[PDB]
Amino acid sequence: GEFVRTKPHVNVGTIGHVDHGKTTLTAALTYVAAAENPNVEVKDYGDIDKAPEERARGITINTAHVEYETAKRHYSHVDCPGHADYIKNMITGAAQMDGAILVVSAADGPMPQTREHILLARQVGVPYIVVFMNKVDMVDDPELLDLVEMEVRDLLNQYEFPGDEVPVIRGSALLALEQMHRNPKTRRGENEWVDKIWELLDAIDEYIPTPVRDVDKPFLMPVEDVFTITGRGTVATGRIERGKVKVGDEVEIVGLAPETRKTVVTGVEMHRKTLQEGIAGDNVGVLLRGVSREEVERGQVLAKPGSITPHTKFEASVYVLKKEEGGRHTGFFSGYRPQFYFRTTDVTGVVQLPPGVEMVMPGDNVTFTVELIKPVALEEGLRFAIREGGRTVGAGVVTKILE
């Protein structure tokens, strides 16, 4: 039908190491929420890991968006892959979150992508994290649980999250989900595992604030994905960063192309429900006229026409990860050519070091110039990640736009 706004909207999602239980939790959240609010459509595991290649490889590959709501708020929830080969997808997902749920297996404790996901979430501006310690059904020893909680809290502190403060909820995504299948009307207070999910929803409700959002500034929506809807046309999805978009607005597709192009918005939807108007914070699909899915792509931004100029050259302040943080073992020189990640954008760039700076080492805080091989929507103060050869090598912030 149409999307009726009854309450504030917040974007959350799931991050964490491969197999720790992100997707099972996502499904469990929809089922638990749905028993109290009949507007929530339940999403089973297979409804989320739905792609043939996900079934083939047995992992999440694509970020999925699901919807649920509490009495307090409306949630769009982005479930991200944990597999180390799908970090780019995770980054694009995190780039949409006003808060993240970090899933950590109680049986394994924090693992390399537990660290990498916390790191990267920060670099795309995730303001808050809640921890769901999953698979406690597998762990009898209360000591290991306390140990895992401790390790996770410390790891959050390392990347400037308030680790000693974040909620750490302990439960079983799977056992809650099973209970909801046996009784879809299972209410709060009736089942131990389901109540742990309510504990999570409460923490989300109360710990992740509703962001301050500017609907008056020019429309800007980073594109997270693009697909063709049979009968309708090309849809670009994403979280509106600022401003508003109505059907009939001409917008500009900015970045990743030599030149910017204009198109008319012909539909706006949030979770397959038609919006009058999309506003900042909304996670929407925008139907674009006259463009195919080969003419719009993830990493471009939709913008008010003329409100944004894409850039290629910038100065940056960069931290280069130690190998103990999963970074490089050796240093690099000017001409180093990794991948840079800004919000949903990923693009190859060239490191150009100052005259006199010959080599940058793991663990260095440093400043240099970057030249991207394609123009990209950039702003001063925009954080970014650096990756190369399938690992994260650095964290940076844009300090000066040169060109």
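Each residue number is its position in the shown sequence, starting from 1.
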So, looking at the entry's B-factor column for Cα atoms, which has the higher mean, 110-118 or 141-149? 141-149
When the C-alpha temperature factors are averaged for each of 195-203 and 83-91, which stretch ends up with the higher value in the entry? 195-203
For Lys135, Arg239, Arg293, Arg261, the deposited C-alpha B-factor is largest at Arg261
Identify, among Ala64, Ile373, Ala51, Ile59, the residue whose C-alpha carries the highest B-factor in the deposited PDB entry. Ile373
Lowest, middle or highest third: where is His271 by Cα B-factor in its chain? highest
Can you tell me which third, lowest, middle or highest, the CA B-factor of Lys313 falls into for its chain? highest
Just say lowest, middle or highest third for the CA B-factor of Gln158 relative to the other modelled residues in its chain. middle
Please place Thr30 in the lowest, middle or highest third of its chain according to the CA B-factor in the PDB entry. lowest
For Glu324, return the chain-relative third of its C-alpha B-factor as stated in the PDB record: lowest, middle or highest. highest
